[PDB]
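Structural characterization, general
Chain by chain, the residues:
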Amino acid sequence: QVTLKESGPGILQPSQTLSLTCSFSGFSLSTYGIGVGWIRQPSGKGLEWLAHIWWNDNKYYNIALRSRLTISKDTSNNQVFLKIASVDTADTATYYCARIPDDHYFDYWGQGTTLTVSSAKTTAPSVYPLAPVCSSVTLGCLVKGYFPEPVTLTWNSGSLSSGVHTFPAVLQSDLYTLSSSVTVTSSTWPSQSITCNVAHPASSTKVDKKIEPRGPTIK
Amino acid sequence: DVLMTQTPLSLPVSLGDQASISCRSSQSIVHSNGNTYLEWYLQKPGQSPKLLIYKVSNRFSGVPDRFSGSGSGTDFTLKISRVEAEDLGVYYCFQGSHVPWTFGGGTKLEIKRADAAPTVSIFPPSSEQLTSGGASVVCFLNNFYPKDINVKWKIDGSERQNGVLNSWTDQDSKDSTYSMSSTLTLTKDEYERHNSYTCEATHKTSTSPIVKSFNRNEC
């Protein structure tokens, strides 16, 4: 059975208070030796332990953050709550809650909610087609200035899959950016239309971008 | 505040090969109760970490005969003898002995293949982007091995350091190669001054760099 699900705000403004709930089944915190803890993983980096509470209500917090951290259990309804105060862009991470089976360590981790701390407002992506300079042909698609993450990119509405390279998003300024290269035989393109499809669930923005060959223009 | 040090950062292994991950702590990790709390977690891409070895040598649920944990006091080691598809990902040595509980930097188990040189593709700023006011210059370095690469941006011969944003893909599911995008972001005013735009790339496959360039005249 053993399941750990963690509920979070997912996205919030700097200096607000982050409040998250690790709901669980398959074990009770009313049982002996049992404990639940919190770990955070920043956007493709190593893990970091935050805090944990034991069955007897003994709380252990990271000496690094301490003051902002408050952990409390709710034995009756199988829930644990971690609350971090006055958050900043430094706290943009994925937060996991994990069970301590007696001995000092974690055994079953949960799915892990993803939190993003930013001042930025909801913004639809600007899809820019990348046709080559004025055999095989390489085409691109630059998705720029969107908020928040994530964006979903396909080529020819999923028909094109071979030689596709979507790159991870990079935080441009207050907003994200990403690219995806596509390589086809010189006989496939221009001759047959290649369309880059982007979908931004947050801003409910679905865009098709026909990448046509680079034409000339003098000012 | 125990410093956990993993060796190496990236592990290139063939399939069925014998693999050994090295962990080394800043101090003795023997907990008051006599037990040494060294754990090994395997985090697969787009998933929460999962426990393999707990208490230096003991195997967790559904952790095969192939995985073996050793060491004592300072140096510890995980051995995976006949590497399979399921066995790839990021490994972290963890300690439950002293509070604050700390994780290792992580070791990436990746598959080694033949040496391959990148396919550089330079993309000038699109007509769609220039009208809006911006001027991003994309460069894709596709399908190479090993993962370590280096890109230099040369505007009119002069090297640029500031204003470059790079992203790297994971290892290819099919061809087991890496790809990298490199976006030199510029204002239209800056871009509208200069002519030659070069995306110079260096990789172990060849002694001399792989130059890819365009001129603002034609496009």
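This deposited entry lists X-ray crystallography as its structure determination method and 3.42 Å as its resolution.

**A word on the sheet that holds strand β13 (residues 134-144) of chain B**
Residue and element names in this part refer to chain B. The strand order β12-β13-β17-β16 describes an open sheet built from four strands, whose pairing is antiparallel. Each edge of the open sheet is held by one strand with a lone partner, namely β12 (119-123) and β16 (164-168). Pairwise comparison of adjacent strand axes, ignoring direction, gives a mean angle of 15° for this sheet. Looking at chain direction, β13 and strand β17 (residues 178-187) are connected through nine bridges and run antiparallel. Its bridge partner being in β17, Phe144 is matched across the sheet by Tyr178.

**Here we look at the domain arrangement of chain B**
Residues and elements named next belong to chain B. When its domains are assigned, chain B resolves into domain 1 (1-113) and domain 2 (115-214). The distance between the C-alpha centroids of domain 1 and domain 2 comes to 36 Å. With seven residues of domain 1 at the contact, the number on the domain 2 side is ten residues. Across the interface of domain 1 and domain 2, roughly 730 Å² is buried in total on both sides, 41% from carbon and sulfur atoms. When the area that domain 1 buries against domain 2 is broken down by residue, the three leading residues are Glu110, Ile111 and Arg113, summing to 73%. Across the contact surface, domain 1 and domain 2 share two salt bridges. Here domain 1 and domain 2 share four residue pairs in polar contact between them. Secondary-structure elements contributing two or more residues to the side of domain 1 that touches domain 2 are β2 (10-13) and β11 (107-111). Sort the elements by how many residues they give to the side of domain 1 that touches domain 2 and β11 lands first, with three residues. Its residues assigned to classes, the side of domain 1 that touches domain 2 comprises two nonpolar, one polar and four charged.

Reading guide: rules and limits
- By convention in this text, residue numbers begin from 1 on each chain and track the written sequence, not necessarily the entry numbering, and residues missing coordinates are not displayed.
- The naming scheme follows written order: chains are lettered A onward, ligands numbered 1 onward.
- The side-chain values count all of the structure's non-hydrogen atoms but skip hydrogen atoms and water molecules.
- When DSSP finds two or more bridges between a pair of strands, those strands are recorded as paired.
- A run of H or I in DSSP becomes a helix once it reaches four residues, and a run of E becomes a strand once it reaches two; helices and strands are each numbered from the N terminus.
- Interaxial angles span 0 to 180 degrees and are taken between N-to-C directions of axes, which are lines fitted to C-alpha atoms, for helices over the stretch in contact.
- Residue ranges assigned to each domain were obtained from an automatic or database domain assignment.
- Whether two residues are in contact is decided by their heavy atoms, any of which lying within 4.5 Å being enough.
- For any pair of parts, buried area is found by adding up, for both, the accessible area (1.4 Å probe) each one loses once the two are put together.
- For salt bridges, the criterion is a side-chain nitrogen of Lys or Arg within 4 Å of an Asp or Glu carboxyl oxygen.
- Contacts described as polar in this section are N or O atom pairs within 3.5 Å, which, within protein, must combine one atom able to donate a hydrogen with one able to accept it, while residues neighboring in sequence count only if both atoms come from side chains.
- Here the nonpolar group is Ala, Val, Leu, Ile, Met, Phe, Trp, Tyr, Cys and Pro; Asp, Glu, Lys and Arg are the charged ones; every other residue, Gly included, is treated as polar.

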